[PDB]
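Visitor: Chains as they are written, first to last, in the entry's author numbering: chain 2A, 2 to 223; chain 3M, 2 to 195, 201 to 223; chain 3L, 2 to 195, 201 to 223; chain 2B, 2 to 223. For every residue, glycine included, the Cβ atom is placed at its ideal position computed from N, Cα and C.
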Amino acid sequence: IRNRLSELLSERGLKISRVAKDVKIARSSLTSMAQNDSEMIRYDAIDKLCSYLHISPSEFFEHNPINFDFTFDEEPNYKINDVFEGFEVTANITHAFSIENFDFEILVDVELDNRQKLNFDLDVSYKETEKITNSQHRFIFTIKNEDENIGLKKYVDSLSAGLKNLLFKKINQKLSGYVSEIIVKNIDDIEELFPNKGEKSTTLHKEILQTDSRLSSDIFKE
Amino acid sequence: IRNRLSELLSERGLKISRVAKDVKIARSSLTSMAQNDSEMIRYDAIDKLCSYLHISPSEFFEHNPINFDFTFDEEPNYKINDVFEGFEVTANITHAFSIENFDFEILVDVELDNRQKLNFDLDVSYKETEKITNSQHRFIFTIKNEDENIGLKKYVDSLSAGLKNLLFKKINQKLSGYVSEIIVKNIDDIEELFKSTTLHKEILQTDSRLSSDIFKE
Amino acid sequence: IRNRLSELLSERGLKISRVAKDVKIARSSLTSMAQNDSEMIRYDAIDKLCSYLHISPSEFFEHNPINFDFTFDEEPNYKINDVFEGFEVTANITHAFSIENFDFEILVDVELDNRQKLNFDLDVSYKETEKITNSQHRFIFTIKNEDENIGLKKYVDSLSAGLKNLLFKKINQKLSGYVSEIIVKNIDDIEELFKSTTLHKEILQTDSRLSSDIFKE
Amino acid sequence: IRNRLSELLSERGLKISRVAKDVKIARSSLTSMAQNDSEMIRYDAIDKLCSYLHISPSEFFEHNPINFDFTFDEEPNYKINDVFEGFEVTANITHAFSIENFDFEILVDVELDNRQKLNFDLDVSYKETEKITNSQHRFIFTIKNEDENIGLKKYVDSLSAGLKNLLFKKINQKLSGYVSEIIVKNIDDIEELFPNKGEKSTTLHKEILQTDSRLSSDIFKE
Numbered sequence: 002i003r004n005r006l007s008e009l010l011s012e013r014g015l016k017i018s019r020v021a022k023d024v025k026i027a028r029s030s031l032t033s034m035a036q037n038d039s040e041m042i043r044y045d046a047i048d049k050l051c052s053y054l055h056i057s058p059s060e061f062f063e064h065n066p067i068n069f070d071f072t073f074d075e076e077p078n079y080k081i082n083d084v085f086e087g088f089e090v091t092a093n094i095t096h097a098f099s100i101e102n103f104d105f106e107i108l109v110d111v112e113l114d115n116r117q118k119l120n121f122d123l124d125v126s127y128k129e130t131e132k133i134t135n136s137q138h139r140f141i142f143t144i145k146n147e148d149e150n151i152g153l154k155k156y157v158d159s160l161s162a163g164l165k166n167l168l169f170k171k172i173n174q175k176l177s178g179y180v181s182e183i184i185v186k187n188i189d190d191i192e193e194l195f196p197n198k199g200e201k202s203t204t205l206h207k208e209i210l211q212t213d214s215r216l217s218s219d220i221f222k223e
Numbered sequence: 002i003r004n005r006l007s008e009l010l011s012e013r014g015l016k017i018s019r020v021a022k023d024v025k026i027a028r029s030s031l032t033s034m035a036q037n038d039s040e041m042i043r044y045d046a047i048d049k050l051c052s053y054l055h056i057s058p059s060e061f062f063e064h065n066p067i068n069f070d071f072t073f074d075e076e077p078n079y080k081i082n083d084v085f086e087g088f089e090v091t092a093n094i095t096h097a098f099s100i101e102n103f104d105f106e107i108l109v110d111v112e113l114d115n116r117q118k119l120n121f122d123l124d125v126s127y128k129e130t131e132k133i134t135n136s137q138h139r140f141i142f143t144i145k146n147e148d149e150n151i152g153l154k155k156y157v158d159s160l161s162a163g164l165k166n167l168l169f170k171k172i173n174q175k176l177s178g179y180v181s182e183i184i185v186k187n188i189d190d191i192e193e194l195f201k202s203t204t205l206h207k208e209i210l211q212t213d214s215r216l217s218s219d220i221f222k223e
Numbered sequence: 002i003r004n005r006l007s008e009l010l011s012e013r014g015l016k017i018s019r020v021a022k023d024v025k026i027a028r029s030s031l032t033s034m035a036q037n038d039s040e041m042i043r044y045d046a047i048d049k050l051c052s053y054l055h056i057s058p059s060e061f062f063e064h065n066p067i068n069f070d071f072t073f074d075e076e077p078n079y080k081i082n083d084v085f086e087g088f089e090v091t092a093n094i095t096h097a098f099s100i101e102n103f104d105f106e107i108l109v110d111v112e113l114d115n116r117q118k119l120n121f122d123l124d125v126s127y128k129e130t131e132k133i134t135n136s137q138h139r140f141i142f143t144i145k146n147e148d149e150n151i152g153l154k155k156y157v158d159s160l161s162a163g164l165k166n167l168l169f170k171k172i173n174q175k176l177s178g179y180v181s182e183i184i185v186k187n188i189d190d191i192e193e194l195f201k202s203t204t205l206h207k208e209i210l211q212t213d214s215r216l217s218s219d220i221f222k223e
Numbered sequence: 002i003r004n005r006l007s008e009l010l011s012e013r014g015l016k017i018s019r020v021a022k023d024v025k026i027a028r029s030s031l032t033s034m035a036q037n038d039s040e041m042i043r044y045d046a047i048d049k050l051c052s053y054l055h056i057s058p059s060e061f062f063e064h065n066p067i068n069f070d071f072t073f074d075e076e077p078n079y080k081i082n083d084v085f086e087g088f089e090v091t092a093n094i095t096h097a098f099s100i101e102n103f104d105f106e107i108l109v110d111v112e113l114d115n116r117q118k119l120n121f122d123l124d125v126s127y128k129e130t131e132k133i134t135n136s137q138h139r140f141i142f143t144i145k146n147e148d149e150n151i152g153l154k155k156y157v158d159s160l161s162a163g164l165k166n167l168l169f170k171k172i173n174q175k176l177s178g179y180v181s182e183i184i185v186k187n188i189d190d191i192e193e194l195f196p197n198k199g200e201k202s203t204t205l206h207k208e209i210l211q212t213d214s215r216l217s218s219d220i221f222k223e
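Here it is as structure tokens:
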């Protein structure tokens with residue numbers, strides 16, 4: 002499920018600030034709720050927004066009964082070589098360390114409208130530490146058994162594009178958090194000797210937690 | 002905005018505990034959210050309920066574009082009479098005191114789907130005290146200018162029964178807090194000594215309800 | 002899941018001690034495991050029993066794919082009445098107190114072999130207290146909504162007699178622990194002037215059993 | 002006897018973690034019980050697994066009435082020369098010492114379905130300290146009278162492959178424990194002067210106990 006605020010105001014052409022001025026809702030909370038990322042919503046908010054946009058909650062709440070629940074391995078098969086390439090000198094994840102391999106299993110329960118639930122196992126392995134910017138990097142993972150989970154992809158693409166993007170976000174966020182958690186327990190705190198361009202000094206921990214690892218596979222293209 | 006989980010469960014006879022077990026949600030939260038009492042709802046909760054009940058969020062969330070806002074006079078016209086006798090024998094606010102007058106105007110903007118909204122002013126004066134329990138009494142306020150609020154009644158009963166009840170609950174709470182704030186400041190503490203509860207706490211617990219043809223429920 | 006060691010021994014007339022000697026297993030463990038009371042079984046034990054009894058583990062372990070799960074209300078509807086008199090003279094909880102009301106719903110999921118499972122809600126209220134012994138009394142709870150549990154009876158008696166008895170034992174223990182936890186907190190310990203007994207301990211020892219057409223044994 | 006979990010989930014293709022998520026059983030305990038190594042099992046576990054897999058305990062419990070009980074010599078004929086080749090410097094069993102000879106008798110009281118039990122004596126002698134890895138070694142033993150115990154082999158191979166593997170495991174484990182026990186009593190504690198690659202320092206004792214001696218003979222091929 003997700004609110005369609007982003008799609009609604011894109012269609013209307015209105016801006017979040019403009020809506021906030023109209024419905025007396027805090028800009029930060031409203032803009033966060035505009036994104037599907039927010040997990041909690043207020044009844045006052047749904048009343049004010051549905052009235053302002055003159056629309057029933059039907060158009061506000063995009064719901065598909067297919068629920069995708071994800072579970073990760075308590076213990077993964079992870080090897081992380083430590084390369085002491087002056088991380089403190091240069092705040093680059095590559096300089097701090099490198100993932101030799103990171104493979105594990107993601108348990109995906111694809112529940113249909115009926116309680117009948119289908120479980121798909123994902124052998125996901127670290128592939129490359131993609132460098133998005135000179136400042137930060139994004140870890141990239143890949144599903145070895147993605148061809149086996151072709152039915153999963155059929156179910157994923159069977160949803161709306163907005164809901165597909167919401168799943169991709171959820172998967173990425175869970176995976177990022179998991180990977181950062183494992184690495185931060187495996188790698189000792191490496192603080193940056195020099196604050197970068199007046200930005201307060203940030204430790205490797207802050208960098209890896211900030212690091213967002215998005216899975217890459219034909220199962221999840223967009 | 003009206004959660005129909007409660008209605009839906011009455012339709013299907015499903016016990017709240019049964020739903021909570023199936024959707025792995027706390028019974029307390031589910032029961033609080035059942036009558037749309039809680040003003041916050043989790044996306045996970047509604048997703049799970051919709052999938053479990055085989056419904057679109059339309060049957061869960063019932064919304065009428067019409068909106069009602071209520072603004073109370075900053076200064077009301079109130080007169081107080083304190084008997085100070087009898088609260089000690091039995092915990093009755095009326096024995097302790099009563100409000101001789103409490104007439105005040107309450108703004109009520111009934112907003113149409115069109116941006117234009119209609120402002121209606123209702124003057125409610127202290128009518129009597131409802132003896133809901135021998136211990137708790139709820140102040141009753143009657144609308145004097147119901148003529149100006151003839152269209153109010155039409156707008157109020159134009160909403161669903163659940164929505165009407167919601168409105169009645171909100172206005173009742175708001176009125177109760179308003180009158181309690183106004184009165185507790187002018188009232189001393191009396192000990193029940195059945201215990202020995204402070205009359206202040208009795209003022210806090212005592213509520214008030216608008217009895218009028220415009221709001222019969 | 003039903004160990005038939007007990008049944009098998011009754012078939013062959015073999016004394017538990019005789020089997021324990023032949024298979025070099027402790028009599029205490031073998032007798033505890035005989036009625037499938039223990040929830041842990043050693044691979045060595047079952048191997049030795051199967052070889053000794055000339056049986057496949059099929060005749061030892063009887064399993065019905067059907068599964069029963071029981072969830073009790075987090076908050077039950079219970080009222081307590083404490084006489085406080087009599088328990089001292091004679092060790093009877095009845096004299097010490099009794100439960101005026103103890104109605105609560107138990108959500109029971111009977112799971113079929115197919116992944117789909119059937120949820121049935123039974124409401125059990127305090128019916129009376131069973132005087133099993135002049136000293137120990139077991140609370141009796143009757144199912145009010147047995148109509149919703151007509152299929153529950155069919156599923157229950159669809160299982161083997163041993164499995165039925167197993168279920169009855171489990172539900173009885175669970176109900177007894179539930180009611181004891183609920184009551185001991187609202188009850189004080191009475192020490193008999195008369201050998202001396204504590205009422206809390208009596209609450210712990212006192213059990214409860216669901217007397218209903220759905221569970222007659 | 003052994004549970005057929007490994008064979009069951011191999012046939013199903015499911016993973017232990019996937020089963021654990023389904024039957025609400027702890028991953029570690031379930032994965033251990035998936036292996037035939039676990040000696041204890043819970044009735045709740047057998048109920049949940051048999052139901053999840055929709056199978057009777059018949060398919061869950063592979064039982065063969067032929068019971069193989071093993072007994073070892075209280076006192077063996079063992080000679081262990083001590084070579085002080087810097088074990089503390091290099092954590093290799095060869096560097097710590099070397100088995101001159103280790104021969105003894107392994108009594109096997111094989112029991113058929115009937116109480117009739119046949120006993121087979123195994124003159125087992127140390128043959129070679131096989132080096133599995135640069136880090137650890139596996140002691141290899143051999144049965145001198147294996148040709149005499151040809152009937153024993155006939156009984157061993159008369160069982161299922163899974164049960165045969167379970168026996169091999171049991172024999173190996175008992176033999177390893179026995180050999181490590183004898184050696185640790187015969188060889189003084191040699192602690193490693195340097196922890197190996199950040200692994201906390203491990204003493205010869207930990208190495209020999211970790212050392213797993215698997216018997217090698219035509220009686221037990223797989």
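Where do the ends of the beta strand (DSSP E) carrying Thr130 (chain 2B) lie?
Guide: Per DSSP, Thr130 (chain 2B) belongs to the beta strand (DSSP E) from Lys118 to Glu131.
Visitor: Note down the Cα distance separating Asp70 (chain 2A) from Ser177 (chain 3L), rounded to an integer number of angstroms.
Guide: Cα to Cα, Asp70 (chain 2A) sits roughly 36 Å from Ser177 (chain 3L).
Visitor: Check whether the segment 109-117 of chain 2B and the segment 175-193 of chain 2B are in contact - that is, three or more C-beta pairs closer than 8 Å.
Guide: Output reads no: the segment 175-193 of chain 2B does not touch the segment 109-117 of chain 2B.
Visitor: By how many angstroms is the C-alpha of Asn166 (chain 3L) removed from the C-alpha of residue 199 (chain 3L)?
Guide: A break in chain 3L separates 195 from 201, and the residue in question, residue 199 (chain 3L), sits inside that break with no coordinates.
Visitor: Starting from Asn120 (chain 3L), find everything on chain 3M with Cβ-Cβ shorter than 8 Å and list it in chain order.
Guide: The contacting residues are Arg19, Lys22 and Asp23.
Visitor: Go to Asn82 (chain 3L), then tell me how far its beta strand (DSSP E) extends in each direction, as first and last residue.
Guide: It spans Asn78 to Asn82 - the beta strand (DSSP E) in which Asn82 (chain 3L) sits, taken as one unbroken run.
Visitor: Which term fits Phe85 (chain 2A), buried or exposed, when burial requires 16 or more other beta carbons within 10 angstroms of its beta carbon?
Guide: So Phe85 (chain 2A) ends up on the exposed side.
Visitor: Please classify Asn37 (chain 2B) as buried or exposed, where buried requires at least 16 neighbouring CB atoms within 10 angstroms.
Guide: It counts as buried.
Visitor: What are the residues in the segment 57-75 of chain 2B lying within 7 Å of chain 3L by C-beta distance?
Guide: From the segment 57-75 of chain 2B, only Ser57, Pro58, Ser59, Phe62, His64, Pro66 and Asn68 have a Cβ closer than 7 Å to chain 3L.
Visitor: Tell me where the alpha helix (DSSP H) around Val90 (chain 2B) begins and ends.
Guide: Element bounds for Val90 (chain 2B): n/a, residue is neither H nor E.
Visitor: Select from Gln211 (chain 2A), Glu101 (chain 2A), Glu192 (chain 2A) and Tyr156 (chain 2A) the residue whose C-alpha is nearest the C-alpha of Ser202 (chain 2A).
Guide: The candidate whose alpha carbon is nearest that of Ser202 (chain 2A) is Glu192 (chain 2A).
Visitor: What residue does the alpha helix (DSSP H) around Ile183 (chain 3M) start on, and which one ends it?
Guide: Where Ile183 (chain 3M) is concerned, the enclosing alpha helix (DSSP H) stretches over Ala162 to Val185.
Visitor: Judging by CA-CA distance, which residue of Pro77 (chain 3M), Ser136 (chain 3M), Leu153 (chain 3M) and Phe62 (chain 3M) is the nearest neighbour of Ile94 (chain 3M)?
Guide: Measuring from the Cα of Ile94 (chain 3M), the nearest candidate turns out to be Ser136 (chain 3M).
Visitor: Output, in sequence order along the chain, the residues in the segment 97-114 of chain 2A whose CB is closer than 7 Å to any CB in chain 2B.
Guide: The residues in question are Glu106 and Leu108.
Visitor: In chain order, what residues of the same chain have a beta carbon less than 7 Å from the beta carbon of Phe105 (chain 2B), not counting five sequence neighbours either side?
Guide: If we look at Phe105 (chain 2B) and ignore the five residues flanking it on each side, its Cβ neighbours are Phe73, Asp74, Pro77, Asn78 and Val125.
Visitor: Nearest CA to the CA of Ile2 (chain 2A): which residue from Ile56 (chain 3M), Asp48 (chain 3M), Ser59 (chain 3M) and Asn115 (chain 3M)?
Guide: If we check each option's Cα against that of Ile2 (chain 2A), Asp48 (chain 3M) comes out closest.
Visitor: Looking only at C-alpha atoms, which of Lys155 (chain 2A), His138 (chain 2A) and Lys171 (chain 2A) sits nearest to residue 259 (chain 2A)?
Guide: This structure gives no information on residue 259 (chain 2A), because the portion of chain 2A shown stretches from 2 to 223.
Visitor: In terms of DSSP beta bridges, what is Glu106 (chain 2A) paired with?
Guide: DSSP lists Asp124 (chain 2A) as partners of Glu106 (chain 2A).
Visitor: For a minimum of 3 consecutive residues, which ranges assigned as the beta strand (DSSP E) are wholly contained in the segment 14-63 of chain 2A?
Guide: Segments of the beta strand (DSSP E) lying fully in the segment 14-63 of chain 2A: 41-43.
Visitor: Any heavy atom of the ligand ZN inside 8 Å of the beta-carbon of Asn93 (chain 3L)?
Guide: Ligands are entirely absent from the displayed structure, and the ligand ZN is therefore not among its contents.
Visitor: Closer than 8 Å, Cβ to any Cβ of chain 2B: which residues of the segment 175-190 of chain 3L, in chain order?
Guide: Answer set for the segment 175-190 of chain 3L: empty.
Visitor: By alpha-carbon positions, which one of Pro196 (chain 2B), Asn82 (chain 2B) and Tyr44 (chain 2B) ends up nearest to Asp189 (chain 2B)?
Guide: Checking every option, the nearest Cα to that of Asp189 (chain 2B) belongs to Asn82 (chain 2B).
Visitor: So who's on the other strand from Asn4 (chain 2B), going by DSSP bridges?
Guide: DSSP lists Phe62 (chain 2B) as partners of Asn4 (chain 2B).
Visitor: I'd like to know whether the C-beta of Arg5 (chain 3M) is nearer than 9 Å to at least one C-beta of chain 2A.
Guide: No, its Cβ sits nowhere closer than 9 Å to a Cβ of chain 2A.
Visitor: Out of curiosity, what's the CA-to-CA distance linking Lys175 (chain 3M) and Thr212 (chain 3M)?
Guide: When rounded, the distance between both Cα atoms is 13 Å.
Visitor: Starting from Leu216 (chain 3M), trace the alpha helix (DSSP H) in both directions and tell me its first and last residue.
Guide: Per DSSP, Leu216 (chain 3M) belongs to no alpha helix (DSSP H); it is in the beta strand (DSSP E), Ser214 to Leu216.
Visitor: Return yes when the Cβ of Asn4 (chain 3M) is within less than 9 Å of the Cβ of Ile42 (chain 3M), no when it is not.
Guide: Yes. Within cutoff.
Visitor: Evaluate the contact criterion for the segment 11-30 of chain 2A versus the segment 18-35 of chain 3M: three or more CB pairs, one atom per stretch, below 8 Å.
Guide: Contact fails: fewer than three Cβ-Cβ distances are below 8 Å.
Visitor: What is the rounded straight-line gap between the Cα of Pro58 (chain 3M) and the Cα of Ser161 (chain 2A)?
Guide: Between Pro58 (chain 3M) and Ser161 (chain 2A), the C-alpha separation is close to 16 Å.
Visitor: I need the boundaries of the alpha helix (DSSP H) containing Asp158 (chain 2B), first residue and last residue.
Guide: Its alpha helix (DSSP H) spans residues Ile151 to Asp158.
Visitor: Report the residue from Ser52 (chain 2A), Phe61 (chain 2A) and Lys128 (chain 2A) whose alpha carbon sits nearest the alpha carbon of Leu9 (chain 2A).
Guide: It is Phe61 (chain 2A) whose Cα lies nearest to the Cα of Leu9 (chain 2A).
Visitor: Under a Cβ-count criterion, where at least 16 other Cβ atoms within 10 Å of its own Cβ denotes burial, should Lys16 (chain 3M) be classed as buried or exposed?
Guide: The residue in question, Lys16 (chain 3M), is buried, as its Cβ has 16 or more Cβ neighbours within 10 Å.
Visitor: Helix, strand or coil for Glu112 (chain 3M)? Go by DSSP, reduced to three states.
Guide: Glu112 (chain 3M): strand per DSSP, three-state reduction.
Visitor: At a CB-CB cut-off below 8 Å, which residues of chain 3L make contact with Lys16 (chain 3M)?
Guide: Going along chain 3L in sequence order, the residues near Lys16 (chain 3M) (Cβ under 8 Å) are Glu106, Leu108 and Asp122.
Visitor: Which residues share a DSSP beta bridge with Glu223 (chain 2A)?
Guide: DSSP, once it has assigned bridges, lists no residue as partnering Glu223 (chain 2A).
Visitor: Run the CB neighbour count on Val90 (chain 3L), radius 10 Å, all protein chains shown included, and call it buried at 16 or more, exposed below.
Guide: Classification for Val90 (chain 3L): exposed.
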